[PDB]
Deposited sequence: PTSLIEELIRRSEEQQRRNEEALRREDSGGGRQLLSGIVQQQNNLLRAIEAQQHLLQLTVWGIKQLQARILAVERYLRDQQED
């Protein structure tokens, strides 16, 4: 999803800030960990959708396989 891409871009922005600050940092590290957690949660949501999409495709292919067996 574009949100995962948006959360990643925000993590990239915060990462550059934390590295530059390395060269207030602790707050940035904590915020960055929240940025990463949000990304992981968004990826989890899409991953869960693909899991259900795979099971629906499994059901559709099984119905076709059974139709072809039944036609014999």
Practice task
Could you sort out which parts of the deposited sequence are absent from the coordinates (no C-alpha) and give them as ranges from 1?
Solution key: 1, 25 to 32, 82 to 83
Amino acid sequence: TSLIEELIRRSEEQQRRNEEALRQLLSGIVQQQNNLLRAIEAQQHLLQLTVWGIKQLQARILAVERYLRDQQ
From here on, numbers count along this sequence of modelled residues.
Completion exercise
Higher of the two mean Cα B-factors (47 to 55, 7 to 15; per PDB record) comes from 7 to 15
